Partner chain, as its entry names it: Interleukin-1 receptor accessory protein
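Given next, in structure tokens, is a single chain: the form deposited without the partner chain.
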């Protein structure tokens, strides 16, 4: 059958919202009121992959855009990028591994681990208006926990 998808927003555990501000540039900042329209709406697809009660493989596309978060090596490091795809062919149930995140539920928060790069996570900085990135530890000063808001 098709792939199943939900519209949603994400906020980091310091309640920073995610926005587009540059061509392929997703950023995290404190947002409230009128400016909350600026936040990115995701289409979260439930994709093929290894699954358990609290670890669910997803892809994160931008709503009604042929753009997906992906994990690739850049200048020899696991990095987060926005990648364009053929809009005729996406989303699909069997997403390529660079597109797959394990959505992990721990203590009423979510983490998004790269399926491609184990123990690398979607991360934000504590500072305002810095890139969303792939961080190689769910420890330290960087933020690896999120909440999801379901959107119409």
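What we label the rigid core is the largest C-alpha set whose atoms superpose within 1.5 Å from one form to the other. Positions refer to the first chain, counted from 1.
The next section is about a form of this same protein that is not shown, the form deposited with the partner chain bound.
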Does the partner chain come within 4.5 Å of any heavy atom of residue 143 in the deposited bound form?
yes
Once you align the rigid core, which of 56, 106, 29, 62 turns out to move its Cα at least 2 Å between the shown form and the other one?
106
Quick one: in the deposited bound form, is the Cα gap between residue 15 and residue 53 smaller or bigger than here? Answer closer or farther; it shifts by 3 Å or more.
farther
One pair moves by 3 angstroms or more in the deposited bound form: the C-alpha atoms of residue 108 and residue 61, which are closer
